[PDB]
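As structure tokens, one chain now follows by itself in the form deposited in one PDB entry.
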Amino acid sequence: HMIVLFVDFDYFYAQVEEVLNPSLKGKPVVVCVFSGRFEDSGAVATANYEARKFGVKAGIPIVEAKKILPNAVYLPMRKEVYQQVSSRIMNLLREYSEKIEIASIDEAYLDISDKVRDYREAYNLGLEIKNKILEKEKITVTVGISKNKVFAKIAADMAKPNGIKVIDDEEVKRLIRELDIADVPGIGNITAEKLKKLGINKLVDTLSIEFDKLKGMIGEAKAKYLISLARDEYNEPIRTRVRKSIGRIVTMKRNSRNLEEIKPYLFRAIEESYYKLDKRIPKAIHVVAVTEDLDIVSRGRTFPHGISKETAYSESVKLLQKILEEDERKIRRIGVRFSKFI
């Protein structure tokens, strides 16, 4: 009977910049995402507690970060470097199990059902791993432990930052009971506002509702997931997830609408994009446009054969042309996205 270990790295990006210059440690760090529209324009990717302490988190404008903390250290995002770093740490969890699911860049799940016998021995294996990474890589994590991936993640969510927490089989009930419902994975404000109205505040509130309204309300899938979870019967296993799509979406230097000028940003997007594909040939391709007021439209197309960079360019025009058509608005951003690899 199953025990899942979820490991998340504390303020990952921000921490990689600290690991690479401890002269930053103890200071408020903000990894920012620029664009080139107006000096210090962009958004916040992540920020260590010092800055996160005073409300500076992700997706929030770079100015609002300064107006709050003018003396904070701001650094552009640098995936490349962060990717290497992670992979290594991710190659170290692979030493603890073959039943491993790498969900993101900062987190993975382990099925230690056959390495440890219980929560003291598992939570034992926890501390061991927090140290085996804190010493070899200079990166602290947070470990969550319960019976299904869903609850493991949650465990760790609480016990943060830098911490290990386990939710025995008893607390699952304390939580299918007490745990708010919007503090659940896959339940962003949209769906929560829905549940609100549905007169649902906790996991259990679903258990007492005519499914069919829950279906049309949130969408059968979420509907079955919430139910199956509230009935201590949720249990999808740890599966190695495969990259299913790739794509870049750069931000133009100024809201536009004539084809010619728009074109180049897009070719750069397909350019970088392709470098990232590497050895991977896709059969699909979309063109994503972010209108002037931040809405979205994207046209696509699938081929019976794998796309070539030379073909990628042609289609990424008939699709931009198709977009610049029925949608009139001015175009703010734009970019390409390749799916359906061969």
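Residue positions are given as counts along the sequence shown, with the first one as 1. Between two forms, the rigid core is defined as the largest C-alpha subset superposing within 1.5 Å.
Same protein, other form: the form deposited in another entry, not shown, and the subject of what follows.
Large C-alpha shift between the shown form and the other one, rigid core held fixed: of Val81, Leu207, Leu75, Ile102, this applies to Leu207 alone, with a displacement of 2 Å or more. Superposition of the core reveals a Cα shift of 2 Å or more for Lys194 between the shown form and the other one. For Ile112, a C-alpha deviation below 2 angstroms is recorded between the shown form and the other one after rigid-core alignment.
Taking the rigid core as fixed, one finds a CA shift for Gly219 of 2 Å or more between the shown form and the other one.
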